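Observations on chain architecture
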Amino acid sequence: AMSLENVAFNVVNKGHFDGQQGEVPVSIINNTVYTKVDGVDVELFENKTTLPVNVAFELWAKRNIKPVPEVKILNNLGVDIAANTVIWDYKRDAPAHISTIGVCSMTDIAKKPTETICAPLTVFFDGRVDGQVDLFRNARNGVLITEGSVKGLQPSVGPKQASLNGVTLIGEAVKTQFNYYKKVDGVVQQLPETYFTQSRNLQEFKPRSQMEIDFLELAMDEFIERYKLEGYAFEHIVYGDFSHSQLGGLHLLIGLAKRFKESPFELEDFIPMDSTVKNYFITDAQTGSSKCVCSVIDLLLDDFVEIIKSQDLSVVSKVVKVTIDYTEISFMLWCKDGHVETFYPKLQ
Amino acid sequence: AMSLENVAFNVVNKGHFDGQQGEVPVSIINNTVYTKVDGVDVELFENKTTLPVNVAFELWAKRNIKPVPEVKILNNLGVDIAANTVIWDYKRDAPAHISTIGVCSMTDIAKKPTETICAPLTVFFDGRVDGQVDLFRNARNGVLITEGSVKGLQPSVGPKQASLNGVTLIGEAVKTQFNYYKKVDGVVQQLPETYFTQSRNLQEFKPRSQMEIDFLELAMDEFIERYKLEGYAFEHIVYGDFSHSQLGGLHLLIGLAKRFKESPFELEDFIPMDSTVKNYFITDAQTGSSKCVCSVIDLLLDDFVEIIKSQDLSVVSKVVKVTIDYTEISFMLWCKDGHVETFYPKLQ
Amino acid sequence: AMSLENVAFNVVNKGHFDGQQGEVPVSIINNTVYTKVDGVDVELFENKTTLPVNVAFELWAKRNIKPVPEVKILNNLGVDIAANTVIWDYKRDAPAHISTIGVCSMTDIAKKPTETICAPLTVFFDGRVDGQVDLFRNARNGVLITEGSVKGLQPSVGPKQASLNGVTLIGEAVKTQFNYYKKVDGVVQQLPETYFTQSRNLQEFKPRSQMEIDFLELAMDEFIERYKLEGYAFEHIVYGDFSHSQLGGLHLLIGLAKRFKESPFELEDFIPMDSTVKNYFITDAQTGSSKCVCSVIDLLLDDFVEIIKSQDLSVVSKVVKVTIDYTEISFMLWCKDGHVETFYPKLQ
Amino acid sequence: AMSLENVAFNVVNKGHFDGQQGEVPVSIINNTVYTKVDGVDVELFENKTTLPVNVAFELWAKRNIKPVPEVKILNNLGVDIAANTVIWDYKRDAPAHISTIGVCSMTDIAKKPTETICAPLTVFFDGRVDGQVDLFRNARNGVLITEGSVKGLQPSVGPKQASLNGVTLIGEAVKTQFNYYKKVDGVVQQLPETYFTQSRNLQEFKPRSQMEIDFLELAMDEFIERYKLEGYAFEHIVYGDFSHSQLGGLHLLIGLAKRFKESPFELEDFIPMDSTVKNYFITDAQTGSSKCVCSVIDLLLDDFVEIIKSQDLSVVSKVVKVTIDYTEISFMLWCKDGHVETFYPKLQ
Amino acid sequence: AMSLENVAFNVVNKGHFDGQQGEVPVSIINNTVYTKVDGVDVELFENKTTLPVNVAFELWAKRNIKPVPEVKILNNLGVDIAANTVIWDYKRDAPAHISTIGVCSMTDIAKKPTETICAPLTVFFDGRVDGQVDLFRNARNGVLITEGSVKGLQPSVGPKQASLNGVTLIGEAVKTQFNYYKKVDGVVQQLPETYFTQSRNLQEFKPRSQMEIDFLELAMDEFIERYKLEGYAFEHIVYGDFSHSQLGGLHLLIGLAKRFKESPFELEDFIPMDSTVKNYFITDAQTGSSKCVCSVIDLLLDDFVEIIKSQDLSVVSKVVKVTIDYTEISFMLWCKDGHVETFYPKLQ
Ligand SMILES: [NH3+]Cc1cc(-c2ccccc2)no1
Ligand SMILES: [NH3+]Cc1cc(-c2ccccc2)no1
């Protein structure tokens, strides 16, 4: 017996939808849901989605509160919809998927993922929920996550990190590293060998290797000397060049984090969403050096060093394809006289 | 001669409604009030209330700009309406009360609190305003604050802190500690003996006793040893247990402040309002330990230690009622073999 | 061939309007522009202006992304409209000017500033764009900026700082110091000798002279002694008096920055816009000292010291006019027995 | 090259989307699309749909302007989507279908109905458009309309009337009677024998048989005598009983039309949509007789007489199923002593 | 002392703005203005304009309530703004002009039309208001209306009809026929010889000549015989051809009125505004004959006959220009063998 007043009762009393019985008085005005608390209206939810306010409130209340794959991973794996859960996209303040299965009467296309409407969609399945591994085996299209082995299914080890209530973390009290599986047209697909992005923030960036500790602590020329990166244009690509009106390089998150400690800068996130490669309109506050489209990726410095050192440096320009977060990321590699000039995630 | 243009003139020229004559051009679009300044529209107010935009703008302009009791105190005392002022609720960005008395023609139920419509309502009176002590004596229901003694009225010493323009502070240049008085059905009511919450923030938490300085500086086991808290489950209740998927304890603000210095965490304020006990959906970023409903109270550590040490520890589970901010707060006390297992502000 | 879908394509692919061909799917709901990215809506723009959402989105996409004069300078110079560009006002999240010339079909009053509709308006011209110096020579009213000399035109050296994508900075990789020129009724006007405001923030305030370094580092009495400021009421005007309910003085940004390091305080920006003098409703969190209208100016301490020391101190009260950012700023100077009592930017 | 400005140009110049090149200035405010005409804003469209305003404007501009099947017929035949057109639902002021095929980038699930996403959907095909009879030949699910014979397919003669720009009419200058074909999972279905509703209005009702002319002209008792309708409760079912507080019968549109000529009444259309049976909250203005749910069907009186005269009248109450507009309509038949008491389209 | 509350007081008590003192409580919600009447909100105004709700409410309250020229006339004469009045455009539910002079602080560009901002605008002047004939004497650009003679100026006799509170009428108790004067750049213009549109409605159409009485009463062939109209294609142009899918001719309002008496039809007013020629998407309900863009003009039948009989009929196709309502209306004239095939107001 689903209702707006029951969803609101669950939010007020349980912090989210918890299947509890009860009703609280609710008022909807414009895009906000309020509840009366001791004579006055208290805001429960502000709709930032393109769905109706009461519908978005219900999907947000029904969000998955266990560590789940980051939306960029689900997107890279072609996930269209989730089986009997809502993956909330905290970067967009919206449901990661348009439709639902067995969640909300307004957005449901089916009650169970076995319904024929779900067959052409890549349904996300969670092995931590009873019966979901079986539903994946029976699904025409799907993505499955598990905490352990599934008999006969060849796994793909996913990233160490997962999103728990919008906080990306490597779990200590909970498991965040999942086995990943995918099916296309009834056939289990071999997930490719891949690097993973580290999902760090600029302001609270922490190094995850001795090379990253050395990058943040050492001066530019001694880090390049220590790690034998001469001729690999780290001065441009990673450290960034702030000497001309157009900001040069600065494509690795660690390089932005290093710069941020010394001088602040504005990063305009003009397409705010979770993605393997992010595009920012950057303006350096100290110099005035800027770039409309600065592609930034958060790779572990060792992984980036491994990618660039593996490259043939004998051609002027070429596309270098690298699997990152299960997706093919195109990089533009520019060389001259056997040395790198630039290497960046190619702006489509 | 009240008007939208006159209220806006006062905001622009006086920083708030100050009874000054004058008009400025105003435009209202959706929920925002703008004023024309040198040919362009400048935002004066964004309506976050459930009242009409022009009405909410007037109540906000007419807000009390002197140190006033925090909304949680007024609510705990049963205050329905204020006499000839607006107590602005900065936690909700809205008037603390639905109706007004002698403030705004759209929200007024009366011009004076002596009107019979006010008799069944608990009217808030401010002894710092001429004639308000007399109006309280004549009111059927009411709450009065004063800076000094009222002849024959037995006072209740309120908290040291008050809210001045949304800033909770213990006044040095202004008085923030008031005497409190209450009347129910024409009869002056004895306010109970009470503890007070400290109204501190997580990010700018400052200790207000030697015990609080010792809690923040000493390690867990030496603080428990120094203050003889063995068998009182401070490891769980105050420090917090981040070892399991469900976050254990963590019900005192000081414990959250200590944790915040070392590791960050998300506190989802799912019912955003001022209250003695706050409920948060907490997610620890370091471990992934989380709790949908984590009740948090900001008591002075000495007061919490005094409350828990006063308890009989011979029963498995019982409700412990403690007067805090004039309200009865129920705590759930769980014991085993004469020692505390947990003690928390009981989730209703 | 201008279109909503083409503007959105440019934002998504180029970080702003860049004259590129292409279209992306767009949805408009209420005041927000979204684009479909892999099946889900992603927010591109939230309209905070009084213009229609699609119109404001286009003007924001078409904003000038080169270092431009800060809006306070343009306003002080009487600028009504810009020639073939949009000066985006980042303090208001809106176009600095109501109308456009050769920018957007909904806001354009003309395609070229030579059209007779532009003659009575003070058009902003940018010498860095080909043909704009010539358009200024032919304009009846206008303001021109250049990076160098214009034959026969007597220049005015503007501030060192300019706004680049909303970041106020003194350019190192780009030029931010412009020559300024103005015409009124076909006649080139002599711009007056002026001081410039420093455009600093409270939280990231940096001293720009040895006197400012000494103000932030030295104690009040030794700074006043070192710079011979006895009898100039710096204790009141610059340092601020937090001993009474009404906050005394505190009119220089550097004094607020010094106070902010020790004790936090709330600054209510009740008219949020760029201006030479700013008015704040200030509440000191430590003491509870407050002021509804506290005028604050960010002058270099040396310039303020030079202004106040140049004053005749023999009259009780008088208006002192000082040219700052090309505008006449009135200050109220109060003296007693040949010493300053107060000196503040006069509240109109 | 689809765009908001181009759609608006087509509406302004061609009365609808006509594939013409050009752009007009547009402004979007709340749910309304305006265009500038000689300096002032002129309303082009008001969004009454649940889609974004600019998306709904485009679908409405791209509506089919030829006589098309009434939405109730398409719904009764299970139509999910239309092939390369928009069937505009004038009763709801909205698109008849959620998604489109080759119409609008925001709503399109495919560009051609041959795409595999369309195979499980019942696609509407219009034989008047080149290649659509052939697209229905290879479609898995679909409904086809034609003006003539299709080789190899036996036709189902549809209603005489069609909707042309929201006007339901029997065409004289255009053909409105179509042949209907339907296929489910690649198999051409045998459409059932069906009656059709007449789709008339209460205020402009015209009789379409000699029996209907006699019903409107003759008195109740002489019409029942002429057509030998004694014992079939036409006094209750068709004429209506306005003698008690609850309005009795009145389930045939012709009976409402007859009553409307003499006395006015209110019909509250509480579910405003096109449907074979309509439900109204009726209040008779003359008597005050009313009914919350009065089911009304517009059958040709001869067809209703044939249905009621082809029923067994020996049971107290039973469900009578009748194919009307290709759907199964349940009627509740109530009898006593071999005579009808009531017969109405069953409220379920 | 202008105010929202004072404007509302005038609307409630005087039916419009009447300069009366007083205030009523007002609430603004979305685009609607309400007033409290005995405890409940009563709607005063719904904003259908692109201006802010409170601004549009004031301009509507301040509308001219005397018979004024129809907006189509003012537009055709190039009127930009009115002197100290608001011409309310009832066809658009909006002010006829963007800006005002001495009316509303939000829309005013000047207080008096003698201000230099008004010199390049064609200001509307009303000789019925004291001093306006004299203000037109010294205005650079303007249109003047008078009820009588102006010394030194030759008049242009305007239409018999004017708009009084949105009702177009030929005044009997008030004068609606004005003398028109116009000046461009200080020079009094010679207004051209012009026909006038009759501004009639389809449903309440009344003939204004013996020819119009004969058109409405006689059959098609005897009217054409009586007025010797053989070969002028009145059967197509005026009567309309409803025999093919595309509706033929039907460009004179009188022909639509004649058709409307016999058979109803839908006229979709896709550009709702006052104009000399109107464009409708017409659907004939009886036949299904339709036309996306059917240009309709309401000329007196005698005037249309004079125009068509004063043309050379020897060319296949040509543009015929006719001054109607002071503007040049282009007609497309199509001939064959010395006879008219069609003649219609040119869709451009
Ligand atoms: N072979 C199954 C089938 C045949 C058709 C079909 C459709 C149109 C004409 C003739 C045949 N549609 O499905
Ligand atoms: N001298 C040029 C001129 C004359 C007028 C004018 C206007 C009204 C009456 C008589 C003259 N308007 O412009």
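The scheme used for residues numbers each chain from 1 in its written sequence order. That scheme is not guaranteed to match the entry numbering, and residues without coordinates are omitted from view. Note on labels: chains are lettered from A, ligands numbered from 1, in written order. Each value listed here was derived from the chains shown, which are themselves a piece of a larger assembly. Heavy atoms throughout the structure, all of them, feed into the side-chain values; hydrogens and water do not.

Quick notes on the overall build of chain A
Helix and strand definitions follow DSSP, with helices as H or I runs of at least four residues and strands as E runs of at least two, each counted in order from the N terminus. Within chain A, the regular secondary structure consists of nine helices and 21 strands. Accessibility here uses a 1.4 Å probe with only protein chains present; expressed as a share of the type maximum, an area under 20% marks a residue as buried, one over 50% as exposed, and anything in between as partly exposed. Expressed as a percentage of the 348 residues in chain A, the buried residues total 55%. Contacts are assigned to residue pairs that have any heavy atoms within 4.5 Å of one another. Sequence-distant contacts in chain A: of pairs separated by 6 or more residues, those separated by 24 or more amount to 49%. Averaging the locations of the 34 positively and 46 negatively charged side chains of chain A gives two centres separated by 5 Å. By the counting scheme adopted, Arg and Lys are positive, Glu and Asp are negative, and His together with the chain ends is not counted. The atoms used to mark charge sites are NZ of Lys, CZ of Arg, CG of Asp and CD of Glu.

Comments concerning the relation of the copies chain A and chain B
Their C-alpha atoms serve as the basis on which the copies are superposed by least squares. Once chain A is rotated about the relating axis by 120° and shifted along it by 0.0 Å, it coincides with chain B to within an RMSD of 0.0 Å. These values place the two chain copies in the arrangement generated by a three-fold rotation axis. Ranked by how close their C-alpha atoms come to the rotation axis, the residues of chain A are headed by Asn 30 of chain A, at 5.7 Å.

With respect to the arrangement of the chains
The smallest C-alpha distance separating chain A from chain D is 8 Å, and no contact links them. With respect to C-alpha atoms, chain C approaches chain E no nearer than 8 Å, and the pair has no contact.

Quick look at the site of ligand 1
Residue and element names in this part refer to chain D. Close to ligand 1 lie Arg 137, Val 150, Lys 151, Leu 153, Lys 183, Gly 186 and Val 188. The separation between an oxygen atom of ligand 1 and a polar main-chain atom of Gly 186 is 3.4 Å. Throughout, the Shrake-Rupley method with a 1.4 Å probe supplies accessible areas, and for residues the shown protein chains are the sole cover considered. In the complex, the protein chains occlude 63% of the 340 Å² of accessible area that ligand 1 would expose alone. Residue polarity is assigned by list, with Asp, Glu, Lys and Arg as charged and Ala, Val, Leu, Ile, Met, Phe, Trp, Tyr, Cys and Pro as nonpolar; anything else, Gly included, falls into the polar class. Of the residues assigned to the shell around ligand 1, the class counts are three nonpolar, one polar and three charged. Here a residue is near a molecule or strand as soon as one of its heavy atoms is found within 4 Å of it. Here a polar contact is recorded for every N or O atom pair within 3.5 Å, except that within protein the pair must consist of a potential hydrogen donor and a potential acceptor, and residues adjacent in sequence are included only if both atoms are side-chain atoms.

Things to note about the interface of chain A and chain B
Counting residues at the interface gives 31 residues for chain A and 30 residues for chain B. The term buried area denotes the loss of accessible surface (1.4 Å probe radius) that occurs when two parts are joined, taken as the sum for both partners. Between chain A and chain B the total buried area reaches about 2,300 Å² when both faces are included, carbon and sulfur atoms providing 58% of it. Only one rule defines a salt bridge in this text: a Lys or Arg side-chain nitrogen within 4 Å of an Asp or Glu carboxyl oxygen. For the pair chain A and chain B, the number of links is one salt bridge. Ionic pairing is found between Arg 63 of chain A and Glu 268 of chain B, a salt bridge with its closest N-O pair at 3.1 Å. Every element with two or more residues in the side of chain A that touches chain B is listed here: α1 (4–14), β2 (32–37), β3 (40–46) and β13 (167–169) of chain A. Here the side of chain A that touches chain B takes six residues from β3 of chain A, the largest share from any one element. The residue makeup of the side of chain A that touches chain B, split by class, is 16 nonpolar, seven polar and eight charged.

Quick notes on the site of ligand 2
All names here are of chain E. Close to ligand 2 lie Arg 137, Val 150, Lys 151, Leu 153, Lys 183, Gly 186 and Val 188. In the environment of ligand 2, a nitrogen atom lies 3.0 Å from a nitrogen or oxygen atom belonging to the side chain of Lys 183. One nitrogen or oxygen atom from the main chain of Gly 186 is found 3.4 Å from an oxygen atom belonging to ligand 2. Against a free-state accessible area of 340 Å², the protein chains account for coverage of 63% of ligand 2. Taken together, the residues of the shell around ligand 2 break down into three nonpolar, one polar and three charged.

Examining the side chain of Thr 100 of chain E
Residues and elements named next belong to chain E. Here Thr 100 is to be found in strand β7 (residues 100–101). Of the residues examined, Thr 100 reaches a relative accessible area of 3% and is grouped as buried. Residues within four places of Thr 100 in sequence aside, it is in contact with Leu 59, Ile 81, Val 86, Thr 107, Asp 108, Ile 109 and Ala 110.

Digging into unusual backbone geometry
Residue and element names in this part refer to chain A. Non-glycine residue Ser 199 carries a positive phi angle of around 55°. Relative to the helices and strands, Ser 199 resides in the loop between β15 (187–189) and α5 (210–217). On the basis of relative accessible area, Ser 199 is assigned to the buried category, the value being 18%. The phi angle at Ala 233 is positive, at roughly 50°, despite the residue not being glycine. Residue position: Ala 233 is located in the loop between α6 (220–226) and α7 (234–237).

Here we look at the sheet that holds strand β16 (residues 265–268) of chain A
Residue and element names in this part refer to chain A. Here the rule is simple: two strands pair whenever DSSP picks up at least two bridges between them. Spatial ordering of the open sheet is given by β16-β17-β18, a layout of three strands whose pairing is antiparallel. Looking at which strands have only one partner, the edges of the open sheet turn out to be β16 and β18 (290–297). Recorded for the sheet is a direction-independent mean angle of 40° between the axes of neighbouring strands. Pairing between β16 and strand β17 (residues 277–284): four bridges, direction antiparallel. From the neighbouring strand, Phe 265 faces β17, where its bridge partner is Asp 284. Contacting β16, β17 and β18, helix α8 (residues 253–262) crosses the sheet at an angle of about 145° to β16. To obtain an axis, a line is fitted to C-alpha atoms, over the contacting stretch when the element is a helix, and the angle between two such axes runs from 0 to 180 degrees between their N-to-C directions.

Quick word on the nonpolar core
What makes a nonpolar core is a set of buried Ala, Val, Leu, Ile, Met, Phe, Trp, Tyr and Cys residues whose side-chain atoms join them at distances within 4.5 Å. Ranked by size, the top nonpolar core spans 65 residues in total, and within it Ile 28 and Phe 57 of chain C together with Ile 28 and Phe 57 of chain D carry the most contacts. Residue contacts for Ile 28 of chain C: discarding those within four places in its chain leaves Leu 4, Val 33, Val 53 and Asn 54 of chain C together with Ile 28, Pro 52, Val 53 and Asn 54 of chain D. Core analysis: the second largest hydrophobic core is formed by 57 residues, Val 37 and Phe 57 of chain B together with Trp 60 and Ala 61 of chain E among them.

Re the pattern of salt bridges
Applying the stated criterion across every chain, the model contains 78 salt bridges over all chains. Between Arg 200 of chain A and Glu 212 of chain A there is a salt bridge, and its shortest N-O distance comes to 2.7 Å. Of the two residues, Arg 200 of chain A sits in the loop between β15 and α5 while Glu 212 of chain A sits in helix α5, which places them 12 residues apart along the sequence. Owing to a relative accessible area of 11%, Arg 200 of chain A belongs among the buried residues under this scheme. In this structure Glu 212 of chain A comes out as buried when scored by relative accessible area, which is 0%. Between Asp 126 of chain C and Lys 66 of chain C there is a salt bridge, with its nearest N and O atoms 3.0 Å apart. Here the residue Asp 126 of chain C occupies a position in strand β9 (residues 123–126), and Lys 66 of chain C occupies one in the loop between α2 (53–61) and α3 (71–76), the gap between them amounting to 60 residues. Residue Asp 126 of chain C is classed as buried on the basis of its relative accessible area of 2%. By sharing partners, the salt bridges in this structure join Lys 66, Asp 126 and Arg 128 of chain A into a single network.

Topic: the domain arrangement of chain A
How big an interface is tends to be stated in terms of accessible area lost as the parts join. Residue and element names in this part refer to chain A. For chain A, the domain assignment lists domain 1 (1–65), domain 2 (66–191) and domain 3 (192–348). An automatic or database domain assignment supplies the residue ranges for each domain. Look at where the C-alpha atoms of domain 2 and domain 3 centre, and you get two points 30 Å apart. The interface of domain 2 with domain 3 comprises 19 residues on the first partner and 16 residues on the second. In this assembly, domain 2 packs against domain 3 so that about 1,400 Å² is buried in total across both faces, 52% of it on carbon and sulfur atoms. Area buried by domain 2 at its contact with domain 3 is led by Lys 72, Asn 76 and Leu 191, which between them contribute 40% of it. One can count one salt bridge joining domain 2 with domain 3. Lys 91 serves as the salt-bridge partner of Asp 274, at 3.9 Å between the closest nitrogen and oxygen. Linking domain 2 with domain 3 are 10 residue pairs in polar contact, by the criterion used here. Breaking the side of domain 2 that touches domain 3 down by element, the ones donating at least two residues are α3 (71–76) and β11 (156–157). Looking at the side of domain 2 that touches domain 3 element by element, the count peaks at five residues for α3. Class assignment of the residues belonging to the side of domain 2 that touches domain 3 gives a composition of eight nonpolar, seven polar and four charged.

A short note on the pairing of strand β14 (residues 179–184) of chain A
Residues and elements named next belong to chain A. Among the six residues of β14, five are classified as buried, and the element is accordingly described as predominantly covered. Both strand β10 (residues 142–146) and β14 contribute to a ladder of five bridges, which runs antiparallel. Each bridged residue has a counterpart across the sheet, and for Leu 144 the counterpart in β14 is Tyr 181. Across two bridges, the pairing between β11 and β14 is antiparallel. The residue bridging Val 157 from the neighbouring strand is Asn 179, located in β14. Across three bridges, the pairing between β14 and β15 is antiparallel.

Quick look at the interface of chain E and chain D
At the junction of the two partners, chain E supplies 30 residues and chain D supplies 30 residues. Between chain E and chain D, the buried area comes to about 2,300 Å², and carbon and sulfur atoms account for 59% of it. The set of elements that each furnish at least two residues to the side of chain E that touches chain D consists of β16 (265–268), β17 (277–284) and β18 (290–297) of chain E. Residue composition of the side of chain E that touches chain D, by class: 12 nonpolar, 13 polar and five charged.

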